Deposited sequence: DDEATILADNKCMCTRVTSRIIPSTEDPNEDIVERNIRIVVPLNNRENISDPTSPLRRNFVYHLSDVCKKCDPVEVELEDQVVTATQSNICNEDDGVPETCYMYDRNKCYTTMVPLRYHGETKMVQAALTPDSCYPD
């Protein structure tokens, strides 16, 4: 079957690849790459803040897709030190075109109550943001 190389929910993109025997030469093997992009039509430039206008630009870099920010342990026959797998995983939140079901995105909205104001938070994803 096909092998997966990156499946980033933030900016929905699925980059997979596979090795197929070259039809013109059984000795040679071709490396095919499949990509699946999901460009929405109702999201905004910022998905956490709804005041931003609709996003109709959708810039897609391949360096941002296969990022793997998560750290990984390394063994050099002595210590099991930790290490990162990217050089562009800096920390202001980056732009995420689409939502991630696992994550919970909320927004602050002021409301009135008996002549008083309160900062209540709302959930954009009904399925997500549950106390469990």
Task: Gaps in the model, given as deposited-sequence positions counted from residue 1 - done: 1 to 2, 94 to 96
